[PDB]
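# Overview (structure and organization)
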Amino acid sequence: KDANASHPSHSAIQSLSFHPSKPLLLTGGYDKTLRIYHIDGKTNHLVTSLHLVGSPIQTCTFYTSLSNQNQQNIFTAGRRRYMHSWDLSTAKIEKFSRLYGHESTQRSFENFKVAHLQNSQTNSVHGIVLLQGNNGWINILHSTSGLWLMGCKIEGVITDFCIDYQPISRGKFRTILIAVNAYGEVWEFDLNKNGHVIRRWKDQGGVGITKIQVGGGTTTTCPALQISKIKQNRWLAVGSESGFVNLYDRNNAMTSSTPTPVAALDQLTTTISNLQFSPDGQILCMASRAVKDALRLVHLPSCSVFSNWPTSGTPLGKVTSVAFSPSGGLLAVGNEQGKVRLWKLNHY
Amino acid sequence: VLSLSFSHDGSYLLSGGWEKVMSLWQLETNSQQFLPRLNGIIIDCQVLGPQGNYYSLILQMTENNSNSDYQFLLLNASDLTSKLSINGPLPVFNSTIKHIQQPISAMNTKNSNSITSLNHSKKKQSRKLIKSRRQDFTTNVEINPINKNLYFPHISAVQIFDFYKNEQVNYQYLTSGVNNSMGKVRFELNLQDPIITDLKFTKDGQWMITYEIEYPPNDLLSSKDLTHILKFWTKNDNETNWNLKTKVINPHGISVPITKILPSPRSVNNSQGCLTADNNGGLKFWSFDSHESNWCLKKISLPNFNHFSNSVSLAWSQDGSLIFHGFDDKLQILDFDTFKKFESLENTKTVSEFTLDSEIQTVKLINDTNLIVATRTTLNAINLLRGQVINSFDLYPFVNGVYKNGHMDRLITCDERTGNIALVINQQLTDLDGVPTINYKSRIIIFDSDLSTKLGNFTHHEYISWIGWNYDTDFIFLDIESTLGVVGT
Amino acid sequence: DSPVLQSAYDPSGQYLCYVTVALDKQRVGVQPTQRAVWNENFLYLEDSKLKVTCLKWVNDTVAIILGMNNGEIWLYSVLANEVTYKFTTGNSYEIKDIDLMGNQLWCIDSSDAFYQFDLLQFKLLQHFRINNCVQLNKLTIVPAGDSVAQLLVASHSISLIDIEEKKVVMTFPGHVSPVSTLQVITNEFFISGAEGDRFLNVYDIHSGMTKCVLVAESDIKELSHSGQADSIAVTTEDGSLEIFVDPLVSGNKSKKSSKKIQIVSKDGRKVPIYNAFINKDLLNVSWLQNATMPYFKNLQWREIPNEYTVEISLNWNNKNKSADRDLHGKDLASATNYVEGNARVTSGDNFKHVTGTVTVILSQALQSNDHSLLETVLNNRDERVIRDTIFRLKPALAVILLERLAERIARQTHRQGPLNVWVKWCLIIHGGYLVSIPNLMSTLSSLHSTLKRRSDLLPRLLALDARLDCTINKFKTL
Amino acid sequence: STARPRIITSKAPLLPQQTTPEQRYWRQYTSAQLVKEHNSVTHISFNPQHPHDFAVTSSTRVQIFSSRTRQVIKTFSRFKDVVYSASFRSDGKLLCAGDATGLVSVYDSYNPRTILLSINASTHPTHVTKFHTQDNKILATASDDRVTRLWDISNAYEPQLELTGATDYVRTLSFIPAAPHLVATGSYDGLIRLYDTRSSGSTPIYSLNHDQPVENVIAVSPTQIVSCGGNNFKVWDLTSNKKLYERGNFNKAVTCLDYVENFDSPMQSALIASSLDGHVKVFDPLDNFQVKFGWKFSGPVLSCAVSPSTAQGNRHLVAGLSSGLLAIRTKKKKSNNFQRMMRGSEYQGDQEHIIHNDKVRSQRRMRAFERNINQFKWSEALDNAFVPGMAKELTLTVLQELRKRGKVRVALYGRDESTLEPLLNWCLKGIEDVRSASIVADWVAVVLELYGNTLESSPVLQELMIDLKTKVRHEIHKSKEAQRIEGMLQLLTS
Amino acid sequence: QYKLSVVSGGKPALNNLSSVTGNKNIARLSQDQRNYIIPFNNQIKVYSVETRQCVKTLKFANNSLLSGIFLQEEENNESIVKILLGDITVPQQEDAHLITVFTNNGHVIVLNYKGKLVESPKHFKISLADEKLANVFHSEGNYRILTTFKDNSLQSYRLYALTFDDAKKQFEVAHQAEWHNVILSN
RNA sequence: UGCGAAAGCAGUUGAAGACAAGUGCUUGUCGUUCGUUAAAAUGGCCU
């Protein structure tokens, strides 16, 4: 059953998120309403909904703290110069509007991600909010304090970024910011070492890049429930305006500094606006919001598109958001008509 | 810089001081973030929580020179909005109470102490308390007739205090001073914000009347003259804020202060008038005219004197026929309708002027029959119908030069339903050598309306600054330790 | 539909066990029903195909017995949050229904087989198939003391079965649809209801005859009965709860519900009831407040009227108030700023509320209140003209002239010079009339204040004059 | 923390004759149009219905003026002699006009070509033609026969009723609003006669004696009527048969009255009175018929009218003068693809459980002096105080705020002769007024204390000091004169 | 017929009597950070951080021990110097609702900030000779005290390692360090 | 500082010790004591 068929939305579904440990799906869009649904597959009811007056939702993510599992938040942002955090533990809603000297580099909060950072002075893990800004800037803030921790600048027009984790020891890990501009040059920063650059490389082929996304390990889409569950990501995907997706195997791609992709996918002909991986990384879901029914599922490591699905009668619509379930093997596709359709992969 | 603190990981510095602005310095990029216009100067900063998600500040309100007014403020880190703010009562005592020292600043001001000034000022205040004849630490507090809320005038603002919850309802500025616009530093600390010296409620509780003095800055032609402003405020019982309806600038003439305010009985215009008296010997009557939708000066008694005295008290009969005006040693009875002196056609056994031994401090009309007059020496009861003094008591060994003029009305209050009187007497505890020490003791005596018998006699271990009658059978008193007690049935 | 698949109160009704689907896996939760904390602990079924078919509480350690569709019957200890033991029937057929009486545990298989297990020895004591009993889905145990001798099963028609003979003693005509509820309300009567049927049949277990038929307004989901068989509660598909008060004691053939209970929120949304509980003078109802959160209420069903609606508070269009904020949205620690707004500013000296002559035009302008003719008269500046005009003016109009001149002098400061000769001539000529008239400050209130401001400004002007004298004399000598 | 307080403008104690809200309402009738007619405009009437046009009677012509454009849209010129009164029905479909030949001609309201009815009411001139307000079938005509006649519109061959008992020249009549049986006639002998039409009607049921010849009668309520004649107007109660009030505010005879209530205004009811001295005045029936506003015109005002309560557009006050003038014063009254992309913004959250509102509302823009005082730029704020076109109250507020912070010397530091002259040029005007004089004295004296040495060098500063000296001497003389007159007032009052 | 009583009054107690310390705040957040414990001159007030209401007030007048220590009429020098979360004397206990109060003259009081007060709270005294304890430090189950004394208006500091003897049922101090002529300390 | 209306009316800041600087001498300073009632480190306020 469709996820939001019980309580319809009044706009395109700009963002979808699954709770890390609960059967909850959060939808957000330009109608300024965050809607949380309990996902049964057969009833799919509405847990709650919150309307933020004057604040459209471009991106909204569930966050669950790695230290305390009772600390649960919803982080929400649109074109505005602020950001909202809803404490899910009357609603407790804080606003992050202060950038501690860097408002010139951050004019909007719409493109953000939430990650885990180990401070390594006390080996304590806290969440960080990474905001894309102008002039290649990414501003990284504490998720509770809202203080400006650090900032990483790449050259050229920054188009996307993502978070990778690398385990160092027992109970220790490092966080890497992977940022890509429109040319194809990719920077990798070590957030533990004051945000200094680990490495820089170039996307082979590489023009008009819109999306970058790691997969096969702990991602921002699928986080860890404890520090020992943190794994590195096997796959990296880069998606371009032309409809091309270059797919890199990280185990061989970290060495070259001009790596070769395992595959280059041209099944879609419009701009790649959604890249997602399964929690195991066996499926890469690539999608475009420019035309109708532009969603493809790619089997890895064979790098081959599935043939029987999707179908000429599949009601995908103009796919604006994609979410994978952490455990259930569900796929939620939110489109421009406000519908979030739900499917189950029977293998998972 | 009065307060310094670090974050836990040490990348940020919290600093605060006389500017009432809290600064967070990024120690990497040397850029700071401000939270300005706090309620007081920052004497303490702390970062709290495992992730530093709280800021705990201690803020002192240095506009009050009499006491150390601390506010404890816990701030949410993300919003920089107050999770909690904790006060006590904020009364402005007439003089500085024991062991209260002004904080250190760059230079010696009225609000602050310099580096050199602190050690001398502690000694000077201590030996002032030991040696000086005058010990006045009295405040004026109001009780709202509707809410039973205690109103403390705090210099240029008013604090509203919920008595039963022991908490604060509101804090509202009432003057046009510099106030919360900026934090005064260096020579700016010598500026004086306008002082609310009187506040009263109409019997209905719909109107609040505030009298204030605006002080000019130094080194000008206009540095000598003082502005006196009388303001009338209203509010609905739903909202908490008061709204300024009427403002009168120099209400008794230019540079003539108002000594006494007395709201009218219910019979006089549904308790929507007041009666203001100045030190030249003049009365004025103000009343709410609905057609003008404002307060209007309705009656005037001209001063017409070269006699200047701050010992002014008023009383008003419950039917509103008579006004008892005590000015210096004289006490007059005035008919309200003519607003002139009372004259009788028979002119037999009816004297409207009373000449007394010393200056009147309080006039209290208990019922229509009994009139208490407190002088600098004696406390007398006069029966108006009889024209005879019932009994007089000697207050001279207690109230000899201790209080300034018109400050015993803070100490004497009266019950209106049952007619009982409360009187409070403060005594300094003396050492075995004979030198009067710091410590004090207070006695509360509850008298009958005729002052014939003492219904109650209580001792309290601390100086009592203000006793007032709660509007149902209770007497609320305020210590100098900011505690509040009740002497009631 | 309903997110809760299966639910059951314990005996004494203090706790509720329910089954809900989380993504693709079922889970079992237990919530206390009395108001006087949430239970976050859940029993997750790891296999996606594995489902709970039936459930039954156990009256040392409280436990719930859960039949599965693989053919296993799990005894789940609620405190340890674990399945202590899993009974198996040996066949992969789903467990249609279960019942317990003391140490015995009886269950019916999907292939119409009977299995008796025992709890303490943890063994399958026996299994058997009885002829003419097929497609069975309800089993209950007829209480004949501590010893168990009779089972009551139902496919669509109810059979009474003696255990040691393994044969059907008595058969009852049930329902056209499969039997959904089968309970033993007392030891001579039992009750049966079916899927999609509003009717309940009460049968005598010895006579085999139908005593009565109880009818609900809608199709019946769940049934509860008090211990004395003096009240029966049913929750129906529409979400209401119907109470049949004293159904056994006796128009006699079919009975209608005595009381009806609904739950309506404040905004008007109907809230369905699943799984009520009834006892002596107490009734407990349950409903889902959020998507999958059970909430309970206790009622005294004897005191309530025949049609009762419970009003519960739900968040519909709630304005998200904050403890730290006020109603306006400002901080509570923040002080209220000083604002004048539209306040009238006044002073204390306002004592309101306390040939060739032009006297003809002046009088006409004063009577008509005519500004243009008054200006035409006031344009004349000859002292003889002014004096004789005011002399010929009536005494009453002089007061009006003084008022108008006071207003013009106050509003226009440059006319204070020329208009003062009119004012002074009025005061000189009409002085005696002004003495005779009373309330002179109230009538001439504008004139008094206009003169007061100018007269009050004098010492500052003199001081500034002296300073400017110093400076001018100094640079003049220099 | 606390939001910063806005700087409060200095408001001095108020002066006499402040702006009344009724004046603020009535002075919005600002745009004026004067149309010259061939003869005196005797009657002005408004259409009771939409679009609320107004009919104007001149010699031998009735003109319908549009309310939207204030231009004439219809013209009735069929009348052989001078036409006197023109009026509309309550529904606004018919227009009745009275002629000097005794004719009453009833036309369609917007069709001057078609004449539905023509009544030979009298041989004497018919000065009044009115339609019954309650009944659409009745036309009341008053002529110089001293007889008023009620006609049915259907059969107009004979008068349905004739009302007599007037000794001279009935030239006004009115209908009481609640009672459709009552008719009031006002005549030049001074008696307002009330007739009950259900009775005989030859004699009035009672009469009300307005001593001067009654020019006009109007009914402002079911109980109260207002009659004007002579210099005054009198408002009477009908049940008590006694006058409640009389206002003689005029020089010459009051010619016309109008009444309008529930129109969008501070004042709920208004009575408009026009006289021969060129004055049209507004009176408030709730406030004891006191005087609120007035207009003066170029000549004797025969007629006046105000647009009705339900105007729902421009509002007019119209006056018709004896000279032939008519004066009107008025109060004025992305593609589909992109939209489906961005459609969600106009939601407001009706179906949602919780609504959270912390959105920041825009405020009024801070002025430059306020910004500089906020940013602690005292010299820049002093420079921004004196700029051409800036209000004198605001130039006072900057000085008072700087004085209050104590920044007089700080703002005055570092000034040369060129930067000192705007302050002194404003102080030249600031000495004269009473509100600013003390502040000007403070600032000028601080200027003299700081910069007294540069006077000996700079010549222009010496000229400014001498000019301000002369102004100060003039103000001292004015203050002394005011103190002398105050002493004279004390002698007279005492 | 008339009875005096002290009902409602507030003055937050500050650790400013020492006047040499940098951190003057005694109020402490609880472990779950839902309650804020603030000393007053007449009581101890617990606030709910989430609801901004005073949940529980431990008034000195209601308890005999608290009135015996703080409200002594002879000496007003008694003031709460430190509040420590949990119970110091009992190890290995959660002690969610218990706090430990250290006064300047060495009294140690164990109180409940939730629920009704115990009629006889756990009360002890630290053996201090001619000293006023200015502060108390906790770290990983180890405790120290910093005490001011006088042997110039400047005072001097002694740092004692503090232990609790379960058998002796008392607090014991060992002289770890000493400093003289301390102007300021953070 | 004391009293007094706001105006005013009377009254007053002494020692000691230590240190610094200049050159035993001179001067200043005081997180010193005792006695009397007695300016200035380019440093300005959030979203």
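Residues numbered from 1 in each chain as written, not as in the entry; some residues may be left out. Chains lettered and ligands numbered in written order. Part of a larger assembly, values for the part shown. Heavy atoms only, no water. Residues with missing side-chain atoms left out of burial classes, pairs and counts.

As recorded in the PDB header, cryo-EM is the method behind this entry, and the stated resolution is 3.05 Å.

## A word on the overall build of chain C
In terms of helices and strands, chain C carries 9 helices and 32 strands. Expected size for 478 residues packed as a compact globule is a radius of gyration near 23 Å; at 49 Å, chain C overshoots this value by more than 25%. Counting only C-alpha atoms, chain C reaches 145 × 70 × 30 Å along its principal axes. (Helix = DSSP H or I, 4+ residues; strand = E, 2+ residues; numbered from the N terminus. Rg over C-alpha atoms; globule rule 2.2 N^0.38 Å.)

## Details of the packing of helix α1 (residues 359-368) of chain C against helix α2 (residues 371-378) of chain C
All names here are of chain C. Taken N-terminus to C-terminus, the directions of α1 and α2 make an angle of 150 degrees; their axes are 8 Å apart at the nearest point. It follows from the interaxial angle that α1 and α2 lie roughly antiparallel. Considering the relative orientation of α1 and α2, their crossing is left-handed. Along the contact surface, α1 presents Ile 361, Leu 362, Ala 365 and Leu 366, while α2 presents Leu 373, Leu 374 and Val 377. Within the contact of α1 with α2, the residues separate by chemical class into 7 nonpolar, no polar and no charged. (Axes fitted to C-alpha atoms, helices over the stretch in contact; angles between N-to-C directions. Parallel < 35°, antiparallel > 145°, perpendicular 65-115°, else oblique. Left-handed = near helix turned anticlockwise from the far one by under 90°. Contact = heavy atoms within 4.5 Å. Nonpolar A, V, L, I, M, F, W, Y, C, P; charged D, E, K, R; others polar.)

## As for helix α4 (residues 378-385) of chain D
Residues and elements named next belong to chain D. Of all the residues in α4, the buried ones are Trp 378, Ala 381, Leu 382 and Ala 385. The buried side chains of α4 occupy one side of the element, clustering within an arc of 100 degrees when seen end-on. Considering only its buried residues, α4 is in contact with α3 (368-374), α5 (392-405), α6 (408-412), α7 (417-430) and α8 (437-450). (Buried < 20%, exposed > 50% of the residue type's maximum accessible area, 1.4 Å probe, protein only. Arc of directions from axis to C-beta.)

## A word on the interface of chain C and chain D
Accessible area lost upon the coming together of the parts serves often as the stated size of an interface. Between chain C and chain D, the contact holds 63 residues from the first and 60 residues from the second. In terms of residues, the side of chain C that touches chain D owes the most to one element, helix α9 (residues 458-477) of chain C, which gives 13 residues. Residue classes in the side of chain C that touches chain D are distributed as 25 nonpolar, 22 polar and 16 charged. Relative to strand β29 (residues 354-356) of chain D, strand β31 (residues 318-319) of chain C is paired through 2 bridges, and the arrangement is parallel. Each bridged residue has a counterpart across the sheet, and for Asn 318 of chain C the counterpart in β29 of chain D is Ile 354 of chain D. (Pairing = 2+ DSSP bridges.)

## Side note on the nonpolar core
Formed by 49 residues in total, the largest nonpolar core has its most connected members in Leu 382, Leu 402, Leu 412, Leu 423, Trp 443 and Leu 468 of chain D. Sorting elements by how many residues they give to this core places α8 of chain D first, with 9 residues. What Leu 468 of chain D contacts, discounting residues up to four positions off in sequence, is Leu 468 of chain C together with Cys 427, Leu 428, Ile 431 and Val 444 of chain D. (Core = buried A, V, L, I, M, F, W, Y, C linked by side-chain atoms within 4.5 Å.)

## Some points on the sheet that holds strand β8 (residues 82-88) of chain C
Residues and elements named next belong to chain C. The antiparallel open sheet is built from 4 strands, whose spatial order is β5-β6-β7-β8. Looking along the sheet, the strands with just one partner apiece sit at the ends: β5 (52-58) and β8. For this sheet, the mean angle separating the axes of adjacent strands, direction not counted, is 20 degrees. Note that strand β6 (residues 63-68) and strand β7 (residues 72-77) share 5 bridges and pair antiparallel.

## A look at the environment of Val 248 of chain B
Within the secondary structure, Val 248 of chain B sits in strand β16 (residues 243-249). The exposure class assigned to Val 248 of chain B is buried, which follows from its relative accessible area of 1%. Counting along the chain gives 37 residues from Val 248 of chain B to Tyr 211 of chain B, while the straight-line C-alpha distance between them is 9.6 Å. Dropping the residues within four chain positions of it, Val 248 of chain B is found in contact with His 228, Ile 229, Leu 230, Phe 232 and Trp 286 of chain B together with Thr 346, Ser 347 and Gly 348 of chain C.

## Considering the arrangement of the chains
Of all 9 pairs of chains that touch, the greatest number of contacts is found between chains C and D. At the C-alpha level, the nearest point of chain D lies 17 Å from chain E, with no contact between them.

## Remarks on the side chain of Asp 144 of chain D
Following the sequence through the fold, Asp 144 of chain D ends up in the loop between β11 (138-143) and β12 (148-152). Once residues lying within four places of it in the same chain are set aside, the contact partners of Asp 144 of chain D are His 124, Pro 125, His 127, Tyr 169 and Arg 171 of chain D.

## Some words on the sheet that holds strand β10 (residues 150-154) of chain B
Residue and element names in this part refer to chain B. Read from one edge to the other, the open sheet built from 4 strands follows the order β9-β10-β11-β12, with strand pairing classed as antiparallel. Looking at the sheet topology across the chains shown, the edges are occupied by β9 (142-143) and β12 (167-173). Where β10 lies against strand β11 (residues 157-162), 5 bridges are found, and the strand directions are antiparallel. Along β11, the bridge assignment pairs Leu 150 with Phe 161.

## Some words on the interface of chain B and chain E
Each partner contributes residues to the interface: chain B has 44 residues there, and chain E has 32 residues. When residues of the side of chain B that touches chain E are traced back to their parent elements, those giving at least two are β5 (41-48), β6 (54-61), β7 (69-76), β8 (82-86), β32 (436-447), β33 (454-460) and β36 (483-488) of chain B. Considering every element that reaches the side of chain B that touches chain E, the biggest residue donor is β36 of chain B, with 6 residues. Of the residues that constitute the side of chain B that touches chain E, the class distribution is 23 nonpolar, 18 polar and 3 charged.

## Digging into the packing of α9 of chain C against α8 of chain D
Two numbers describe how α9 of chain C lies on α8 of chain D: the axes approach to 10 Å, and their chain directions differ by 20 degrees. Classed by the angle they form, the pair α9 of chain C and α8 of chain D counts as roughly parallel. Once α9 of chain C is placed against α8 of chain D, the crossing between them reads as left-handed. Contacts between α9 of chain C and α8 of chain D involve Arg 460, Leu 464, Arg 467, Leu 468 and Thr 471 of chain C from the former and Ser 438, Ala 441, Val 444, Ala 445 and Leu 448 of chain D from the latter.

## Looking at the protein's contact with RNA strand F
Every one of the 40 residues lining RNA strand F counts as a neighbour, but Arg 98 of chain A, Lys 123, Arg 127 and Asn 279 of chain B together with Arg 4 of chain D are closest to it. For RNA strand F, the backbone portion of the atoms within 4 Å of the protein, that is sugar and phosphate, comes to 42%. Within the side chain of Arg 127 of chain B, one N or O atom sits 2.7 Å away from a base oxygen of RNA strand F. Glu 188 of chain B places a side-chain nitrogen or oxygen 2.8 Å from a base nitrogen of RNA strand F. Contributions of two or more residues to the surface near RNA strand F are made by β4 (32-35) and α1 (117-131) of chain B. (Near = heavy atom within 4 Å. Polar contact = N/O pair within 3.5 Å; in protein donor to acceptor, adjacent residues only side chain to side chain.)

## A look at the side chain of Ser 77 of chain C
All names here are of chain C. As for its placement among the helices and strands, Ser 77 is situated in strand β7. In this structure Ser 77 comes out as buried when scored by relative accessible area, which is 6%. Ignoring anything within four residues of it in the chain, the contact list for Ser 77 reads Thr 61, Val 62, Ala 63, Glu 82 and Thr 84.

## Observations concerning the pattern of salt bridges
Where charged atoms of side chains with opposite charge meet at close range, the side chains can pair. Residues and elements named next belong to chain A. According to the stated counting rule, one finds 65 salt bridges over all chains in the structure shown. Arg 174 is the partner of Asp 190 in a salt bridge, and the nearest nitrogen-oxygen pair spans 3.7 Å. Of the two residues, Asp 190 is situated in strand β15 (residues 185-190) and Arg 174 in strand β14 (residues 172-181); the sequence distance between them amounts to 16 residues. Ionic contacts of the salt-bridge type, sharing partners, join the residues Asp 164, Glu 188, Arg 199 and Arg 250 into one network. (Salt bridge = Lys/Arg side-chain N within 4 Å of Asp/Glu carboxyl O.)

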